[PDB]
Amino acid sequence: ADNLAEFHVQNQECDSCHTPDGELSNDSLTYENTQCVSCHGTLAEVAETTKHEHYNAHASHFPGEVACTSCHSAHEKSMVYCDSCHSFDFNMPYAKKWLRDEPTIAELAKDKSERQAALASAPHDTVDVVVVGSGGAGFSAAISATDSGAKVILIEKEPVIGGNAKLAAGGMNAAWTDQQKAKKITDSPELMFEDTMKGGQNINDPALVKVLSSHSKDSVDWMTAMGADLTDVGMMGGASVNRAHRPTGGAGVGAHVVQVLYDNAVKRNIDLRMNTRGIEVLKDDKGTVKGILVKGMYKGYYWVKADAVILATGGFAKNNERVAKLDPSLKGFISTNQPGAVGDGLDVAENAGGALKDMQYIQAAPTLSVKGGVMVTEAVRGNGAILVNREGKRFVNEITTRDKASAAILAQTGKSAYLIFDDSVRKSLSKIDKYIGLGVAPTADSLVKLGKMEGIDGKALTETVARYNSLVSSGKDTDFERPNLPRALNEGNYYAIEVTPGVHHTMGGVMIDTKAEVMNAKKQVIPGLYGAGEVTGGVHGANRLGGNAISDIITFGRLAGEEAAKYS
Ligand SMILES: Cc1cc2nc3c(=O)[nH]c(=O)nc-3n(C[C@H](O)[C@H](O)[C@H](O)COP(=O)(O)OP(=O)(O)OC[C@H]3O[C@@H](n4cnc5c(N)ncnc54)[C@H](O)[C@@H]3O)c2cc1C
Ligand code: HEC
Ligand code: HEC
Ligand code: HEC
Ligand code: HEC
Ligand SMILES: O=C(O)/C=C/C(=O)O
Ligand code: NA
């Protein structure tokens with residue numbers, strides 16, 4: 001057969017997958033997927049039949065309930081969503097190579113036809129607030145608005161939830177939490193403010209950072225009340241003390257927090273629609289929003305009538321064309337991001353009259369795995385790893401800010417470097433076992449052997465770690481002034497990961513005030529329109545601190561849903 005449907009119909013009726021009238025249930029294909037699961041079992045149950053030692057298409061790090069049709073289309077060949085970041089050895093029936101080419105909001109102007117018909121019709125729904133994007137900001141807004149008495153619809157343009165937020169692995173910053181106190185850490189919202197402003201080269205909007213620092217503990221409290229584990233507290237670059245919260249043992253914070261938010265949304269019966277792209281904010285004759293035009297992948301264009309629209313669409317770091325026009329030094333770099341993170345939400349915001357700010361400020365993650373092409377968290381350095389070049393030497397304070405660390409690595413021989421650590425660092429952060437499982441962390445029982453394996457001067461590497469361990473025990477790094485020296489690298493085997501910077505986060509975006517209201521260039525509020533999360537500009541200035549994005553998206557997402565409900 002040439003497609004999955006043709007296969008099944010050899011022995012099955014159309015109504016084995018379809019509804020009686022044969023119309024598709026909705027853009028989430030809820031009915032249809034339910035049919036796949038009635039015959040094949042849950043994703044979990046299927047996974048039992050497709051195990052590989054180090055990977056499984058049906059049991060991945062993605063949170064929520066991933067629909068079969070995310071990867072298996074019926075009447076045409078389809079793509080494995082995992083192939084957008086990885087190249088595992090898969091044999092999916094009726095597969096085609098991964099290719100993403102989603103038309104821009106401006107290209108969608110060619111559907112004048114269909115769009116006019118949709119706006120001429122009745123609104124398909126009339127609700128209080130529509131939230132665009134199912135990452136951390138969007139789920140937070142949806143839940144908090146629902147808790148304040150609003151009726152909400154949450155839309156996601158991708159087949160899966162979570163955006164980039166499901167990928168976060170270092171932690172969520174907050175001060176001064178019960179969690180920190182339990183770990184004997186002393187901190188304060190003021191100190192977090194100070195670190196953040198200084199880290200952003202004082203380009204940050206001080207009113208927005210004051211919201212970020214002052215609300216941070218309550219956001220950790222809010223998430224924990226919903227069931228999250230944020231009790232591990234680690235160090236990230238540019239911070240005066242440990243304040244990056246994450247699940248016990250140093251597991252990834254992203255997947256976890258998104259799963260908690262998803263469970264809480266399902267608990268509240270929130271209307272979540274997948275494969276549903278927000279296209280155009282609609283305004284009444286006085287300029288306040290009145291609804292939003294959306295495009296369903298399977299049911300087409302329709303609009304929703306609502307008093308408020310909350311844009312929670314994420315950044316544009318996957319769009320290297322737009323990145324390179326703003327910062328040419330990042331042209332051609334690999335990105336850490338999900339395939340959808342291309343900035344179409346910003347375009348929707350601008351078309352509604354929102355201004356943009358700080359767009360030229362774009363952050364590279366210093367340590368993308370060269371071998372795996374995926375992000376390696378800053379927590380690996382925060383928990384004790386060092387960086388060495390091919391010469392086998394240290395060359396940078398490994399917990400300085402991301403802009404300086406990226407430049408340092410790029411300046412080394414071959415424009416890459418190596419994370420070096422031992423089993424004491426490995427056991428302190430369980431996320432590291434995930435890198436080892438990916439195959440990107442070669443290991444050996446001695447640095448001379450490791451160096452020969454990886455093309456690092458083995459003798460110089462050995463002396464480099466002995467010297468580093470001596471500064472650790474003597475409590476001061478006189479070589480690169482690293483201010484926190486948590487562990488000696490001296491237990492068990494030794495690991496190396498080859499790393500180079502990758503495009504990661506866009507600090508600029510839609511201009512918002514402290515109530516998450518979107519503003520135009522005249523600094524006037526657009527009534528009804530809100531922005532929260534990486535789509536916004538002004539929170540992080542010229543350089544974002546690791547851990548501060550997850551913090552931002554919960555605080556501003558929650559704030560925005562509450563303001564939108566009150567606006568109503
Ligand atoms: C690999 C990785 C690791 C990171 N780790 C950390 C960490 O440890 N700590 C930290 O603080 N930060 C971390 N960051 C940054 C942080 O995860 C992101 O900034 C965060 O994802 C921003 O969340 P958000 O809700 O704003 O957007 P996202 O989580 O990206 O969600 C936005 C959603 O909107 C959808 N969308 C976009 N346009 C439309 C549209 N027109 N219609 C409908 N849906 C739309 C997108 O597809 C996406 O699902 C990490 C980022 C990455 C990529
Ligand atoms: C389940 C294994 C399927 C079988 C068997 C058939 N269809 Fe299907 N169809 C199914 C889904 C998951 C979808 C979504 C798109 C995709 O290819 O994955 C579809 C869609 C159609 C459509 C499009 C509806 C629209 O665009 O509004 C039609 C016209 C359709 N399918 C027809 C149809 C007929 C007549 C079938 C029996 C011969 C049949 N389908 C089987 C999944 C499955
Ligand atoms: C039961 C009535 C089924 C429905 C509804 C769907 N599938 Fe199915 N599928 C079914 C059988 C009996 C078989 C053969 C293997 C077996 O279980 O005995 C299959 C096969 C497939 C395959 C393999 C195709 C190939 O070329 O080998 C896949 C990938 C599969 N089915 C996927 C799938 C999806 C995603 C469904 C919903 C859209 C779905 N199936 C519906 C039984 C049934
Ligand atoms: C992408 C993330 C996928 C989603 C979600 C689902 N499937 Fe899948 N499926 C995918 C791949 C890459 C493969 C190949 C596995 C490999 O290791 O090479 C599969 C395979 C199938 C098959 C074949 C299993 C067999 O009998 O050999 C089945 C029957 C199957 N998929 C079913 C299925 C169902 C019903 C899903 C929803 C619950 C589903 N898959 C999700 C990729 C992805
Ligand atoms: C890019 C945005 C990603 C997509 C799409 C998928 N994965 Fe992923 N994967 C991602 C990262 C950044 C990492 C590094 C380790 C971490 O936890 O952050 C990984 C790692 C894996 C691994 C190794 C560790 C493990 O969980 O076993 C596997 C086996 C893996 N990813 C599988 C996987 C599958 C099956 C996916 C599709 C459903 C998938 N990943 C998509 C980033 C990205
Ligand atoms: O784990 C990291 O590298 C990511 C942290 C950040 O992007 O905030
Ligand atoms: Na931004």
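Along the sequence shown, residues are numbered consecutively beginning with 1.
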(request) Working to the nearest 0.5 Å, report the span between CG of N397 and OG1 of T400. (result) 5.0 Å
(request) Please identify each residue that fulfils side chain to side chain donor-acceptor pair (under 3.5 Å) with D147, with sequence neighbours left out. (result) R268
(request) Mark yes or no for whether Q201, through its side chain, and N543, through its backbone, hold a donor-acceptor pair below 3.5 Å. (result) no
(request) State whether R394 and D477 are salt-bridged, where the test is any N-O pair (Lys NZ or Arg NE/NH1/NH2 against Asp/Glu carboxylate O) under 4.0 Å. (result) yes
(message) Please enumerate all residues that pass ring pair (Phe, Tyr, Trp, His ring centres under 6.0 Å) together with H245, with sequence neighbours excluded.
(response) none
(message) Determine whether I161 and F62 satisfy the following criterion, side chain to side chain contact (heavy atoms under 4.5 Å, CB included), listing intermediate values before the conclusion.
(response) CA-CA 8 Å; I161 68 163; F62 285 7; over 6 Å; no
(message) If we check salt bridge (charged side-chain N to carboxylate O under 4.0 Å, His left out) with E398, which of these qualifies: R381, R482, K404?
(response) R482
(request) Measure the spacing between CE of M375 and OG of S369 and express it to the nearest 0.5 Å. (result) 12.0 Å
(message) Can you confirm whether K357 is buried at NZ, in the sense that more than 12 heavy atoms of other residues, nucleotides or ligands lie under 6.0 Å from that atom?
(response) yes
(request) Walk me through it: do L167 and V374 pass the test side chain to side chain contact (heavy atoms under 4.5 Å, CB included)? (result) CA-CA 10 Å; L167 310 174; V374 297; over 6 Å; no
(message) I'd like to know if the side chain of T536 and the backbone of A532 have a donor-acceptor N/O pair within less than 3.5 Å.
(response) no
(request) Before accepting this row, confirm whether a basic side-chain N of the pair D232/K431 lies closer than 4.0 Å to the acidic partner's carboxylate O. (result) no
(request) Starting from the C-alpha separation in whole Å, work towards a yes-or-no answer on salt bridge (charged side-chain N to carboxylate O under 4.0 Å, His left out) for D218 and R558. (result) CA-CA 11 Å; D218 288 340; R558 178 186 191 198; 5.4 Å; no
(request) List in chain and number order the residues that pass salt bridge (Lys or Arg N to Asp or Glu O under 4.0 Å) with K157, two or more places apart in sequence or in another chain; answer none if no residue qualifies. (result) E102, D344
(message) Donor-acceptor pair, distance only, cut-off 3.5 Å: does the side chain of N469 make one with the backbone of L489?
(response) yes
(request) Examine the side chains of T413 and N389 and answer whether a donor and an acceptor come within less than 3.5 Å of each other. (result) no
(request) Check the pair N383, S428 against side chain to side chain donor-acceptor pair (under 3.5 Å), reporting the backbone distance first and the verdict last. (result) CA-CA 7 Å; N383 269 39; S428 80; 2.9 Å; yes
(message) As a quick check of understanding, evaluate side chain to side chain donor-acceptor pair (under 3.5 Å) for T248 and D229, giving each step before the final call.
(response) CA-CA 7 Å; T248 292; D229 179 3; 2.8 Å; yes
(request) Please name the pair of heavy atoms, one in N164 and one in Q338, separated by the smallest distance, quoted to 0.1 Å. (result) OD1-N, 2.8 Å
(request) Please report the closest heavy-atom contact between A317 and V503, naming both atoms and the distance. (result) O-CG1, 3.8 Å
(request) Could you pull out all residues at least two apart from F333 that satisfy ring pair (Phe, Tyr, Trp, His ring centres under 6.0 Å)? (result) none
(message) Please determine whether side chain to side chain donor-acceptor pair (under 3.5 Å) holds for the pair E158 and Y81, giving the CA-CA distance in whole Å, both sets of side-chain angles, and the decisive distance to 0.1 Å.
(response) CA-CA 10 Å; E158 300 288 309; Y81 195 95; 2.7 Å; yes
(request) Quick one: pull up NE2 in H215 and CD1 in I554 and give me the separation to the nearest 0.5 Å. (result) 14.0 Å
(message) Quick check: closest heavy atoms across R467 and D479, and the distance to 0.1 Å?
(response) NE-OD2, 2.8 Å
(request) Please test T313 against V348 for side chain to side chain contact (heavy atoms under 4.5 Å, CB included), starting from the C-alpha separation and ending with a verdict. (result) CA-CA 10 Å; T313 54; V348 170; over 6 Å; no
(message) Give me the atom names and distance for the closest heavy-atom approach of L261 to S140.
(response) CD2-OG, 4.0 Å
(request) Count the heavy atoms belonging to other residues, nucleotides or ligands that lie under 6.0 Å from NZ of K415, then report whether that count exceeds 12. (result) no
(message) Looking at every heavy atom in both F193 and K210, which two are closest together, and how far apart are they?
(response) CE1-N, 3.7 Å
(message) Between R390 and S416, does the side chain to side chain donor-acceptor pair (under 3.5 Å) criterion hold? Intermediate values first, please.
(response) CA-CA 8 Å; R390 295 200 154 73; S416 66; 2.7 Å; yes
(request) Nearest 0.5 Å please: distance from the CD1 atom of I270 over to the CG atom of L154. (result) 7.0 Å
Run the side-chain donor-acceptor check on residues 358-367: report pairs under 3.5 Å with partners two or more places apart or on a different chain.
{"from": "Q363", "atom 1": "NE2", "to": "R544", "atom 2": "O", "distance (Å)": "2.7"}
{"from": "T367", "atom 1": "OG1", "to": "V376", "atom 2": "O", "distance (Å)": "2.8"}

(message) Between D423 and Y495, is there a side-chain heavy-atom distance shorter than 4.5 Å?
(response) yes
(request) First locate atom CD1 of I497, then atom OG1 of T443, and finally report the distance between them rounded to the nearest 0.5 Å. (result) 10.5 Å
(message) Between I512 and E517, does the side chain to side chain contact (heavy atoms under 4.5 Å, CB included) criterion hold? Intermediate values first, please.
(response) CA-CA 5 Å; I512 53 158; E517 311 167 318; over 6 Å; no
(message) Within this structure, what is the CG-OG distance for the pair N173 and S219, rounded to the nearest 0.5 Å?
(response) 12.0 Å
(request) Sorted by first residue and then second, give each salt bridge (charged side-chain N to carboxylate O under 4.0 Å, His left out) pair with at least one member in residues 327-338; sequence neighbours left out. (result) none
(message) Quick test of your reading of the model: are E562 and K566 salt-bridged, counting only N-O distances below 4.0 Å?
(response) no
(request) For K393, look at atom NZ and say whether over 12 heavy atoms of other residues, nucleotides or ligands are found less than 6.0 Å away. (result) no
(message) I need the single residue from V539, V220, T196, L212 that forms a side chain to side chain contact (heavy atoms under 4.5 Å, CB included) with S551. Which is it?
(response) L212
(message) Can you give me the closest heavy-atom contact between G238 and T401, atom names plus distance?
(response) CA-CG2, 4.3 Å
